[PDB]
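One structure is given here, and the rest of the page talks about it.
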Amino acid sequence: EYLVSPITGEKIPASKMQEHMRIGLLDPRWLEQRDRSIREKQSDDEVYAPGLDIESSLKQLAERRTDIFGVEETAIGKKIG
Amino acid sequence: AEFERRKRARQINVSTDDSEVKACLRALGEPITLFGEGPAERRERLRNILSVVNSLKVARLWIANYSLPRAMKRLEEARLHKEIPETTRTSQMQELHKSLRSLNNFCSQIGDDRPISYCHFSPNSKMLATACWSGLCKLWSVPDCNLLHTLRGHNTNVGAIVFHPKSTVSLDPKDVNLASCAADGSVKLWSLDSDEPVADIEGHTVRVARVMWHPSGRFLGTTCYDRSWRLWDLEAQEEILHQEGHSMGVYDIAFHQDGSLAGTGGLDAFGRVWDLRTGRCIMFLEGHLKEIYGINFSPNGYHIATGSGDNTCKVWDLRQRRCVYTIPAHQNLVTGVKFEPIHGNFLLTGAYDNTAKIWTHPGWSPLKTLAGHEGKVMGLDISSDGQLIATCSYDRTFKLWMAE
Amino acid sequence: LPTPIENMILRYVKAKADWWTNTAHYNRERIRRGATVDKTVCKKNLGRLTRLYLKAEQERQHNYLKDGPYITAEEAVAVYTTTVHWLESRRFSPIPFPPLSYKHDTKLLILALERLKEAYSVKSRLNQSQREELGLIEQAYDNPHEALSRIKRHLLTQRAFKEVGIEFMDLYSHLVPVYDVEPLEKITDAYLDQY
Amino acid sequence: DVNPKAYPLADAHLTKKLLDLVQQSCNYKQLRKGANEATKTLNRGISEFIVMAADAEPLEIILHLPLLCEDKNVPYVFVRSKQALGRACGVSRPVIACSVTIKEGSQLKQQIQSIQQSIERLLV
Amino acid sequence: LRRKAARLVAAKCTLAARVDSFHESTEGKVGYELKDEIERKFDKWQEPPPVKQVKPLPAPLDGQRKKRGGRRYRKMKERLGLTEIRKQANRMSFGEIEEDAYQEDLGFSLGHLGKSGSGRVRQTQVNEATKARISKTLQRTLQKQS
Amino acid sequence: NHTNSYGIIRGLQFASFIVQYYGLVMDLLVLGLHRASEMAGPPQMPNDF
Amino acid sequence: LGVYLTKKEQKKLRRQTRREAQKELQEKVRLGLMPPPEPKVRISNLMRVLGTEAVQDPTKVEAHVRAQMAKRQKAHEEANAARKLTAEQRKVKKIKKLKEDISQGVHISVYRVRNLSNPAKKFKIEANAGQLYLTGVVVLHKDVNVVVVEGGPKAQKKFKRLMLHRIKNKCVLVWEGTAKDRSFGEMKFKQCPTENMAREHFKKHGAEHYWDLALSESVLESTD
RNA sequence: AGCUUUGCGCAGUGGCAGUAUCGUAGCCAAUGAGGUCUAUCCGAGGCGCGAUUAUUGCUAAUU
RNA sequence: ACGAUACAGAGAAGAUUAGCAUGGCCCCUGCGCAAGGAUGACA
RNA sequence: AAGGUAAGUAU
RNA sequence: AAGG
């Protein structure tokens, strides 16, 4: 069950007509675009703080904000209670 | 420079299959997959790299003992007919010719809501069996077209249904009367009183085209698309000879009225006349192009006619072991070819030209074209009385013809 | 989303929604009372009020669909009978469908197109949507008969229409709805109104 | 092999001729793709012939087309591949049934008649 | 999503009916496969949207950029370029206190258009290059509506 | 997004006509069919405002 | 067993081939192997390209522009003509497309014409059969005119259409079919005053049955 | 022997529009994409994502 | 530890500019490729 | 009392 | 370059 390739002239089994045609007409522009995209997303510095840093910052905020957190309520900026 | 190498790389054909690409890369020794290398990058790397670089004996004896006396009796009958004055033979000849030219469409009955593939006359010429593609076989009264005993039939399209030669005459209605072939290869036996099959002959894993009894009524001949034809013995309830002589599928089988010979016409474009007494191909038909769809041994005992896709009906003479006349019958694929059952009075031909024609058996000249129908004439049969003609068609109707 | 985290987020959204609604209403009361406010706070308040009013309108439309028409048959019969008797007393002749060979057909189309263009008389820059709408107006003016044929086809067969955008003119006393209709339907509506 | 339910199966030469005619009909705006469009053409009696594939799984999803063809007196044939039939129709997706419509004055009339004659003498 | 659901379910029901009329797959294997396919398609339609990257603002740039000319550039220059009708409307006479011509918007004026001191005896003609035109896709939609 | 089932889109071009007609129905309900006919006058010679 | 291509597939192929050619030309130019392309100049483009040069030397610039245009036209004509089917090569393609392979089988059609006296009709049949490689025989009788035509299915269809519509007593197709091998040569138009020698001549080729059918059908028509 | 139809290339001349052209080892699709009108009727790509001076190159200036 | 002095000082704006070819769309013309249609011609 | 600092380089 |  070999069908002649309309794009290369070779013979492929009929189980691989559609995939051979889709791959055969794949623009190298797709390859260069994918390479560019890979370069961009693997080189940009992270903007927001990591998760552990976020947790530590929230812990410091809770320590220094007793009007929201904790049991006892000290002033807005104080940490003793 | 390297620009010309890049130009060469474009012209190189590389398989689009990932497994084939990996196999080719491993054959050259290069790593199959680099880090972060997908199938497209693998194909690109391959492109760059390529750019760089004992029952049979008993049955035969019984057939011979049944056939030799019949062949002899036919021989003395022919001798007596020769002794008959030539004026009487000529006179009955033009009487038959005038009777045939007066044929008209006697009746037209819808066999089923699907095309009718076969029609067969009962031995008493009072019942007609029609094989339909809907998987239903029906029995019709001959003098008046009305259904009298339907059959549950097969599941696929029914190829051919043939009455037992002794049916409706000698053997009881409850016994086997009919054999029908389907498009899945199944063969089922029938009785005139039971709609359900009496028995189900098996072994044909591939579609069987035609099924016809031996004239003795003891052996049933089946032709399969396995490049084979099989003979089924009713008494033994077991197939006898699965002969394999055709290069392609075997379509039609015709038996000798004497019972000594059997003729198989298949899609090989060639016919073979097997010997039922010895199981050897006595005579090999040759001359037809394309598949042969019809064959019938003449009651004379020495004439064979075959119909094929050549739009021709070749008549074969057994005495000379060669073709004698080629009848260019009809302008479409010829299917049904049949002589007068009693003697060689005439030849009836049917084709996909939605028409049927009648030819003098000796002279092979047209007498009356059974014009009519609106679909391809799949099959035809002539009653034992000889004045009844039935032609089923793709038109979902079968028609009767009698002289008026 | 696990059920405890989902419930936590639901409680957060409930509390934030309460605060959001109260802040929007308090800010709007300040706006109405004449409290000195900035443009950013007014824009945020207008957005919040649009969200709240549209949620209320969604609830109202859902209630109307669920509770059916609020006018009973008897009230509808009385109103319709009063209107019919008034129209018969005045011997009013119903306004027919605009004829294909209507004499004043082009004058009404010209008036409708001029009314549609009045929104750009003093404009200096054109939005893409404004550019497209004004191009439609120019095309309709260039070929009045094709535009009239399309208008008649819409009036005869068109029963489904595209969505309309809504905005609110932030008059400090109360919000005024502003509806944005598709330019293709706007020409038909304007001609129908004029006729 | 192929499903025996598709008894009017064309050979290689007729398969090539049928695919060529289907492509020409597509170029002439005289072809309908899909079993539903084939059924619509059969019901309206504007179908010259129906070409359907033998790889449809299950094949019973297009076995109603032969019945409609018999009812409407329209030739029908089975091709061995649903991927080549789709390609002939001009669509990358597989097509299991295509209908060649009737267009008066079409230059394909002679080829359509020849293909009809070839098909109608091949079913049995 | 109920229209697409109805279409897909109708197609699969037609397939099942065609199978059923021949009394095949009496167990329901074809029916179960079709129902599984329908459920998979429904789930795909209900699938949550994927994570989509936020596009940052482009960094301001001061380097020189070379832009091609030609027919396209000529047409864009003709369209966006200043027109005599607009060149004259940008000029306002000094000490010639005009009269208000638009109630709905004050300060609006035609400038030197059709006013003394413009220096032009004849009125400037309308530039046809600034004529309003509709989009190509919009033109396609209008053609389809016909 | 919501669909409008109750009430009118007052931003339509012809919404002015709908409002005036519906208000005329209101005036019929309020004035009645007799006082309104007296105010409007006979249809042959309608009264002024 | 060829595979056809969708219109989108064709567009993709053409686009990527043209893009590859353009990239190759740009690489050749940048690498120095090819000179950079000069701007295309027409009569309407003359001033826009060289207004400074057209002012000083109007006729010289006009001659240069016309020389460039004539060079482009000459290149187009040379490309077209270079790739042109020789006059004999045109016949070879035509002489081959009409030669069907009769190795598998030969299609035979038999026709019976009431009258075939016109020499122009005789020449038409002879020439049409000769061009279409339709070997056969024409036998002339008082009423029977057996026209056996053998060849390829396309030629058979064309020739059937010929006597059915192009050529006008009436023309009747006796029998159309196939045979394993050919049995007649080029058109001869044999004259057969009597039936016996016509049948004998048809028997010489082994195709007397065509004569039998034609004679029987003519007799039946006469009786009808 | 001419004539002529369809599709595919290759060029030449000319016209039009730059709110659009592409990319799809992403997904779905004649086993039906998508349906405001004509719905027991229509029949083909759609969506998501990416590229961009709303296709991309050279050339000439200033630099 | 500023400030005084001497110098610069437009202390707030990718202000860019043309030509051609590609690309899209729509014809027309020529040539090639693969198929086909209709018709004319005596001894 | 402010919302009124040119940003510099040298000595 | 000079100042506390």
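Residue names in the structure tokens use chain letters A, B, ... in the order shown, residue numbers from 1 in each chain, and ligand numbers from 1 in the order shown.
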Compile the residues of chain C that lie within 7 Å of chain F, evaluated using only C-alpha atoms, and express the compilation as a PDB file with N, CA and C atoms, in the first residue's frame.
ATOM      1  N   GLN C  58     -29.216  42.837  35.358  1.00  0.00           N
ATOM      2  CA  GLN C  58     -29.245  41.407  35.069  1.00  0.00           C
ATOM      3  C   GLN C  58     -30.229  40.694  35.981  1.00  0.00           C
ATOM      4  N   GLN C  61     -33.822  41.593  34.767  1.00  0.00           N
ATOM      5  CA  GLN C  61     -34.212  40.875  33.558  1.00  0.00           C
ATOM      6  C   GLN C  61     -34.440  39.396  33.843  1.00  0.00           C
ATOM      7  N   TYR C  64     -37.792  39.120  35.476  1.00  0.00           N
ATOM      8  CA  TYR C  64     -38.861  39.275  34.493  1.00  0.00           C
ATOM      9  C   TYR C  64     -39.040  38.006  33.674  1.00  0.00           C
ATOM     10  N   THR C  82     -58.289  50.839  25.065  1.00  0.00           N
ATOM     11  CA  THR C  82     -58.262  52.297  25.097  1.00  0.00           C
ATOM     12  C   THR C  82     -57.521  52.857  23.890  1.00  0.00           C
ATOM     13  N   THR C  83     -56.363  52.277  23.564  1.00  0.00           N
ATOM     14  CA  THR C  83     -55.599  52.748  22.413  1.00  0.00           C
ATOM     15  C   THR C  83     -56.373  52.551  21.114  1.00  0.00           C
ATOM     16  N   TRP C  86     -59.185  55.092  20.880  1.00  0.00           N
ATOM     17  CA  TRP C  86     -58.648  56.411  20.562  1.00  0.00           C
ATOM     18  C   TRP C  86     -58.277  56.511  19.088  1.00  0.00           C
ATOM     19  N   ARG C  90     -59.954  59.026  16.243  1.00  0.00           N
ATOM     20  CA  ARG C  90     -59.184  59.954  15.426  1.00  0.00           C
ATOM     21  C   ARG C  90     -59.150  59.560  13.958  1.00  0.00           C
ATOM     22  N   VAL C 178     -25.541  55.240  27.992  1.00  0.00           N
ATOM     23  CA  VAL C 178     -25.186  55.557  26.614  1.00  0.00           C
ATOM     24  C   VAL C 178     -24.996  54.240  25.878  1.00  0.00           C
ATOM     25  N   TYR C 179     -25.763  54.036  24.813  1.00  0.00           N
ATOM     26  CA  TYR C 179     -25.783  52.773  24.092  1.00  0.00           C
ATOM     27  C   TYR C 179     -25.041  52.906  22.770  1.00  0.00           C
ATOM     28  N   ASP C 189     -31.834  51.970  11.675  1.00  0.00           N
ATOM     29  CA  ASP C 189     -32.601  52.571  12.760  1.00  0.00           C
ATOM     30  C   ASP C 189     -32.828  54.057  12.522  1.00  0.00           C
ATOM     31  N   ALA C 190     -31.808  54.767  12.038  1.00  0.00           N
ATOM     32  CA  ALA C 190     -31.952  56.198  11.796  1.00  0.00           C
ATOM     33  C   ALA C 190     -32.952  56.473  10.682  1.00  0.00           C
ATOM     34  N   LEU C 192     -35.394  54.490   9.773  1.00  0.00           N
ATOM     35  CA  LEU C 192     -36.705  54.122  10.290  1.00  0.00           C
ATOM     36  C   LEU C 192     -37.258  55.208  11.198  1.00  0.00           C
ATOM     37  N   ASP C 193     -36.409  55.783  12.050  1.00  0.00           N
ATOM     38  CA  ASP C 193     -36.847  56.851  12.939  1.00  0.00           C
ATOM     39  C   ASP C 193     -37.301  58.071  12.150  1.00  0.00           C
TER      40      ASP C 193
END
With a distance cut-off of 12 Å and only C-alpha atoms (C1' of nucleotides), select the neighbouring residues of residue 82 (chain E), excluding the residue or stretch itself and same-chain residues fewer than 5 positions from it, and output the selection as number ranges by chain.
-> E: 76-77, 87-90, 127, 129-130
With N, CA and C atoms retained, export the selected residues as a PDB file, in the first residue's frame.
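Generated file (selection-v7.pdb):
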ATOM      1  N   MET E  76       0.375  56.289   1.573  1.00  0.00           N
ATOM      2  CA  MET E  76       0.190  56.658   2.976  1.00  0.00           C
ATOM      3  C   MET E  76       0.523  58.125   3.215  1.00  0.00           C
ATOM      4  N   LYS E  77       1.553  58.643   2.543  1.00  0.00           N
ATOM      5  CA  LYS E  77       1.869  60.063   2.649  1.00  0.00           C
ATOM      6  C   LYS E  77       0.741  60.920   2.087  1.00  0.00           C
ATOM      7  N   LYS E  87      -4.890  72.667   5.733  1.00  0.00           N
ATOM      8  CA  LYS E  87      -3.878  73.700   5.919  1.00  0.00           C
ATOM      9  C   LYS E  87      -4.526  75.063   6.114  1.00  0.00           C
ATOM     10  N   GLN E  88      -5.577  75.352   5.346  1.00  0.00           N
ATOM     11  CA  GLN E  88      -6.282  76.620   5.458  1.00  0.00           C
ATOM     12  C   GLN E  88      -7.160  76.699   6.698  1.00  0.00           C
ATOM     13  N   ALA E  89      -7.687  75.571   7.170  1.00  0.00           N
ATOM     14  CA  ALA E  89      -8.493  75.563   8.383  1.00  0.00           C
ATOM     15  C   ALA E  89      -7.657  75.702   9.644  1.00  0.00           C
ATOM     16  N   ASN E  90      -6.349  75.463   9.560  1.00  0.00           N
ATOM     17  CA  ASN E  90      -5.454  75.639  10.693  1.00  0.00           C
ATOM     18  C   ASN E  90      -5.020  77.086  10.879  1.00  0.00           C
ATOM     19  N   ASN E 127     -10.081  67.023  -1.352  1.00  0.00           N
ATOM     20  CA  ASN E 127      -9.105  66.033  -1.788  1.00  0.00           C
ATOM     21  C   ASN E 127      -9.742  64.650  -1.740  1.00  0.00           C
ATOM     22  N   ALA E 129      -8.356  61.849  -2.012  1.00  0.00           N
ATOM     23  CA  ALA E 129      -7.534  60.853  -1.335  1.00  0.00           C
ATOM     24  C   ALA E 129      -7.912  60.692   0.130  1.00  0.00           C
ATOM     25  N   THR E 130      -8.597  61.674   0.710  1.00  0.00           N
ATOM     26  CA  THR E 130      -9.058  61.606   2.089  1.00  0.00           C
ATOM     27  C   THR E 130     -10.480  61.074   2.203  1.00  0.00           C
TER      28      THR E 130
END
Who sits within 12 Å of residue 5 (chain I), only C-alpha atoms (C1' of nucleotides), same chain under 3 positions skipped, as a PDB file with C-alpha atoms (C1' of nucleotides), in the first residue's frame:
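Saved result, out39.pdb, follows:
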ATOM      1  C1'   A J  10      36.855  72.157  35.401  1.00  0.00           C
ATOM      2  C1'   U J  11      39.717  75.301  39.045  1.00  0.00           C
TER       3        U J  11
ATOM      4  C1'   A K   1      41.571  76.618  43.471  1.00  0.00           C
ATOM      5  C1'   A K   2      39.326  78.642  49.005  1.00  0.00           C
TER       6        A K   2
END
Among the residues I:2, I:21, I:31, I:26, the one that comes closest to residue 3 (chain K) [using only C-alpha atoms (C1' of nucleotides)] | I:2
Determine which residues of chain D receive a DSSP assignment of alpha helix (DSSP H), computed from the backbone, and state them as a VMD selection string.
-> chain D and resid 12 to 27 35 to 44 64 to 72 82 to 88 109 to 120
Fewer than 2 positions away in the same chain doesn't count, so skip those; otherwise give me all residues within 12 Å of residue 24 (chain G), counting only C-alpha atoms (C1' of nucleotides), as an NGL selection string.
-> (:B and (3-4 or 6-8 or 10)) or (:G and (17-22 or 26-31 or 33-34))
Taking only C-alpha atoms (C1' of nucleotides) into account, which residues of chain H are within 12 Å of chain G, as a PyMOL selection string?
-> chain H and resi 1+7-13+22-23+45+55-60
Deliver the residues from the most recent selection as a file, using C-alpha atoms (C1' of nucleotides), as a PDB file, in the first residue's frame.
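Saved file out25.pdb follows:
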ATOM      1  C1'   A H   1      -4.930  19.664 -38.894  1.00  0.00           C
ATOM      2  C1'   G H   7      -6.347  22.646 -13.265  1.00  0.00           C
ATOM      3  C1'   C H   8      -1.111  23.317 -12.325  1.00  0.00           C
ATOM      4  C1'   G H   9       3.453  25.751 -13.100  1.00  0.00           C
ATOM      5  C1'   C H  10       6.716  29.687 -15.335  1.00  0.00           C
ATOM      6  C1'   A H  11       7.092  34.514 -16.870  1.00  0.00           C
ATOM      7  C1'   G H  12       5.284  39.507 -19.096  1.00  0.00           C
ATOM      8  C1'   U H  13       2.102  43.727 -18.917  1.00  0.00           C
ATOM      9  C1'   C H  22       1.777  34.967   6.916  1.00  0.00           C
ATOM     10  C1'   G H  23       3.578  30.761  10.679  1.00  0.00           C
ATOM     11  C1'   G H  45     -12.063  25.532   7.203  1.00  0.00           C
ATOM     12  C1'   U H  55       4.250  40.656   4.545  1.00  0.00           C
ATOM     13  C1'   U H  56       9.502  41.137   3.896  1.00  0.00           C
ATOM     14  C1'   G H  57      13.795  42.717   1.523  1.00  0.00           C
ATOM     15  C1'   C H  58      17.599  45.530  -0.574  1.00  0.00           C
ATOM     16  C1'   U H  59      19.230  50.715  -2.543  1.00  0.00           C
ATOM     17  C1'   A H  60      20.071  55.830  -1.759  1.00  0.00           C
TER      18        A H  60
END
Determine, counting only C-alpha atoms (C1' of nucleotides), which protein, DNA and RNA residues have an atom within 12 Å of an atom of residue 6 (chain A); residues of the same chain fewer than 2 positions away are not included. Present the result as an NGL selection string.
-> (:A and (3-4 or 8-12 or 17-18 or 20-21 or 24-25)) or (:D and (87)) or (:G and (1-6 or 9-10 or 13))
Who sits within 10 Å of region 8-18 of chain I, only C-alpha atoms (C1' of nucleotides), same chain under 5 positions skipped, as a PDB file with C-alpha atoms (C1' of nucleotides), in the first residue's frame:
ATOM      1  CA  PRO E  60      11.611  53.291  24.461  1.00  0.00           C
ATOM      2  CA  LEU E  61      14.058  53.573  21.578  1.00  0.00           C
ATOM      3  CA  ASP E  62      15.942  56.561  20.173  1.00  0.00           C
ATOM      4  CA  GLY E  63      18.046  54.926  17.459  1.00  0.00           C
ATOM      5  CA  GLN E  64      17.458  55.834  13.836  1.00  0.00           C
ATOM      6  CA  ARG E  65      15.203  53.465  11.886  1.00  0.00           C
ATOM      7  CA  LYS E  66      15.311  53.227   8.093  1.00  0.00           C
ATOM      8  CA  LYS E  67      11.908  52.841   6.430  1.00  0.00           C
ATOM      9  CA  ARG E  68      11.331  51.947   2.793  1.00  0.00           C
ATOM     10  CA  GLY E  69       9.609  54.170   0.262  1.00  0.00           C
ATOM     11  CA  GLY E  70       7.669  53.462  -2.891  1.00  0.00           C
ATOM     12  CA  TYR E  73       4.673  54.925   1.209  1.00  0.00           C
ATOM     13  CA  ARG E  74       3.487  57.440  -1.389  1.00  0.00           C
TER      14      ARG E  74
ATOM     15  CA  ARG G  48      10.482  58.977 -10.330  1.00  0.00           C
TER      16      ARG G  48
ATOM     17  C1'   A H  60      20.071  55.830  -1.759  1.00  0.00           C
ATOM     18  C1'   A H  61      20.647  60.036   1.541  1.00  0.00           C
ATOM     19  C1'   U H  62      21.556  62.357   6.436  1.00  0.00           C
TER      20        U H  62
ATOM     21  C1'   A J   6      18.696  73.471  35.853  1.00  0.00           C
ATOM     22  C1'   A J   7      21.979  68.577  35.267  1.00  0.00           C
ATOM     23  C1'   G J   8      27.067  69.387  34.780  1.00  0.00           C
ATOM     24  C1'   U J   9      32.643  69.475  33.611  1.00  0.00           C
TER      25        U J   9
END
Which distance in Å separates CA of residue 355 (chain B) and CA of residue 371 (chain B), to one decimal?
-> 5.1 Å
Would you mind listing what lies within 12 Å of residue 11 (chain D) as a ChimeraX atom specification, with only C-alpha atoms (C1' of nucleotides) counted and same-chain residues fewer than 6 positions away left out?
-> /D:17-19,77-81,118-119,122-123 /G:1
Point-to-point distance from CA of residue 33 (chain B) to CA of residue 46 (chain B), Å rounded to tenths | 10.9 Å
May I have the residues of chain D within 9 Å of chain G, counting only C-alpha atoms, written as a PyMOL selection string?
-> chain D and resi 12+15-16+19-20+23+84+87-92
Write a file of the selected residues as a PDB file, in the first residue's frame, keeping N, CA, C and O atoms.
ATOM      1  N   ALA D  12      -7.875  -1.259  -9.650  1.00  0.00           N
ATOM      2  CA  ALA D  12      -6.910  -0.163  -9.629  1.00  0.00           C
ATOM      3  C   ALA D  12      -7.152   0.821 -10.769  1.00  0.00           C
ATOM      4  O   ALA D  12      -7.132   2.041 -10.562  1.00  0.00           O
ATOM      5  N   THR D  15     -10.271   2.680 -10.117  1.00  0.00           N
ATOM      6  CA  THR D  15     -10.034   3.579  -8.992  1.00  0.00           C
ATOM      7  C   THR D  15      -9.326   4.846  -9.449  1.00  0.00           C
ATOM      8  O   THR D  15      -9.707   5.960  -9.067  1.00  0.00           O
ATOM      9  N   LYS D  16      -8.291   4.694 -10.280  1.00  0.00           N
ATOM     10  CA  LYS D  16      -7.576   5.857 -10.791  1.00  0.00           C
ATOM     11  C   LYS D  16      -8.483   6.732 -11.644  1.00  0.00           C
ATOM     12  O   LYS D  16      -8.484   7.963 -11.506  1.00  0.00           O
ATOM     13  N   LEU D  19     -10.970   8.575  -9.335  1.00  0.00           N
ATOM     14  CA  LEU D  19     -10.348   9.671  -8.601  1.00  0.00           C
ATOM     15  C   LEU D  19     -10.048  10.847  -9.521  1.00  0.00           C
ATOM     16  O   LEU D  19     -10.231  12.008  -9.132  1.00  0.00           O
ATOM     17  N   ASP D  20      -9.596  10.571 -10.747  1.00  0.00           N
ATOM     18  CA  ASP D  20      -9.363  11.649 -11.701  1.00  0.00           C
ATOM     19  C   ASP D  20     -10.658  12.387 -12.023  1.00  0.00           C
ATOM     20  O   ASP D  20     -10.682  13.623 -12.074  1.00  0.00           O
ATOM     21  N   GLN D  23     -11.651  14.564  -9.051  1.00  0.00           N
ATOM     22  CA  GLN D  23     -10.857  15.789  -9.010  1.00  0.00           C
ATOM     23  C   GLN D  23     -11.319  16.782 -10.071  1.00  0.00           C
ATOM     24  O   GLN D  23     -11.438  17.984  -9.801  1.00  0.00           O
ATOM     25  N   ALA D  84      -7.342   8.618  -0.081  1.00  0.00           N
ATOM     26  CA  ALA D  84      -7.172   9.032  -1.468  1.00  0.00           C
ATOM     27  C   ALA D  84      -8.450   9.651  -2.018  1.00  0.00           C
ATOM     28  O   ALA D  84      -8.396  10.581  -2.830  1.00  0.00           O
ATOM     29  N   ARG D  87      -8.480  13.184  -0.826  1.00  0.00           N
ATOM     30  CA  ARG D  87      -7.518  13.977  -1.586  1.00  0.00           C
ATOM     31  C   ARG D  87      -8.050  14.308  -2.973  1.00  0.00           C
ATOM     32  O   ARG D  87      -7.860  15.425  -3.468  1.00  0.00           O
ATOM     33  N   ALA D  88      -8.714  13.347  -3.618  1.00  0.00           N
ATOM     34  CA  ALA D  88      -9.306  13.601  -4.928  1.00  0.00           C
ATOM     35  C   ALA D  88     -10.362  14.695  -4.849  1.00  0.00           C
ATOM     36  O   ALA D  88     -10.490  15.514  -5.766  1.00  0.00           O
ATOM     37  N   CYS D  89     -11.125  14.728  -3.756  1.00  0.00           N
ATOM     38  CA  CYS D  89     -12.132  15.761  -3.558  1.00  0.00           C
ATOM     39  C   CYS D  89     -11.527  17.129  -3.273  1.00  0.00           C
ATOM     40  O   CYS D  89     -12.265  18.119  -3.251  1.00  0.00           O
ATOM     41  N   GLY D  90     -10.219  17.209  -3.049  1.00  0.00           N
ATOM     42  CA  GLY D  90      -9.582  18.469  -2.731  1.00  0.00           C
ATOM     43  C   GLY D  90      -9.550  18.812  -1.262  1.00  0.00           C
ATOM     44  O   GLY D  90      -9.349  19.982  -0.918  1.00  0.00           O
ATOM     45  N   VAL D  91      -9.740  17.832  -0.383  1.00  0.00           N
ATOM     46  CA  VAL D  91      -9.779  18.050   1.057  1.00  0.00           C
ATOM     47  C   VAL D  91      -8.786  17.102   1.709  1.00  0.00           C
ATOM     48  O   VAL D  91      -8.789  15.899   1.424  1.00  0.00           O
ATOM     49  N   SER D  92      -7.931  17.641   2.582  1.00  0.00           N
ATOM     50  CA  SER D  92      -6.944  16.806   3.258  1.00  0.00           C
ATOM     51  C   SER D  92      -7.601  15.788   4.181  1.00  0.00           C
ATOM     52  O   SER D  92      -7.082  14.679   4.347  1.00  0.00           O
TER      53      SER D  92
END
Interface list for chain E, partner chain H, 8 Å threshold, only C-alpha atoms (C1' of nucleotides), as a list in words |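 Applying the cut-off to the listed atoms yields residues 11, 15, 67, 72 and 135 of chain E.
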List every residue of chain D that DSSP, applied to the backbone, labels as strand (DSSP E), and write the result as a ChimeraX atom specification.
-> /D:31-33,47-53,76-79,97-101
Please report as a PyMOL selection string which residues of chain H come no farther than 8 Å from chain A, using only C-alpha atoms (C1' of nucleotides).
-> chain H and resi 23-25+50-51
How many Å separate CA of residue 321 (chain B) from CA of residue 283 (chain B)?
-> 6.7 Å
Based on only C-alpha atoms (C1' of nucleotides), which of the residues in chain C come within 9 Å of chain H? I want them as a PDB file with N, CA and C atoms, in the first residue's frame.
ATOM      1  N   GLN C 128     -10.806  53.893  14.765  1.00  0.00           N
ATOM      2  CA  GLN C 128     -11.013  52.895  13.721  1.00  0.00           C
ATOM      3  C   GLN C 128     -12.490  52.561  13.566  1.00  0.00           C
ATOM      4  N   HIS C 154     -33.537  44.595   5.859  1.00  0.00           N
ATOM      5  CA  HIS C 154     -33.431  44.499   7.311  1.00  0.00           C
ATOM      6  C   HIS C 154     -34.788  44.685   7.979  1.00  0.00           C
ATOM      7  N   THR C 157     -36.865  41.277   7.110  1.00  0.00           N
ATOM      8  CA  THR C 157     -36.398  39.950   7.491  1.00  0.00           C
ATOM      9  C   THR C 157     -35.557  39.912   8.756  1.00  0.00           C
ATOM     10  N   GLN C 158     -34.835  40.982   9.077  1.00  0.00           N
ATOM     11  CA  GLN C 158     -33.898  40.950  10.194  1.00  0.00           C
ATOM     12  C   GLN C 158     -34.655  40.997  11.514  1.00  0.00           C
ATOM     13  N   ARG C 159     -34.507  39.944  12.317  1.00  0.00           N
ATOM     14  CA  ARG C 159     -35.081  39.890  13.651  1.00  0.00           C
ATOM     15  C   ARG C 159     -34.050  39.651  14.741  1.00  0.00           C
ATOM     16  N   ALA C 160     -32.832  39.252  14.390  1.00  0.00           N
ATOM     17  CA  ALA C 160     -31.748  39.072  15.342  1.00  0.00           C
ATOM     18  C   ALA C 160     -30.674  40.118  15.083  1.00  0.00           C
ATOM     19  N   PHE C 161     -30.158  40.708  16.156  1.00  0.00           N
ATOM     20  CA  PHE C 161     -29.206  41.799  16.052  1.00  0.00           C
ATOM     21  C   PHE C 161     -28.000  41.520  16.937  1.00  0.00           C
ATOM     22  N   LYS C 162     -26.910  42.223  16.643  1.00  0.00           N
ATOM     23  CA  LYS C 162     -25.681  42.069  17.401  1.00  0.00           C
ATOM     24  C   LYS C 162     -25.775  42.811  18.730  1.00  0.00           C
TER      25      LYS C 162
END
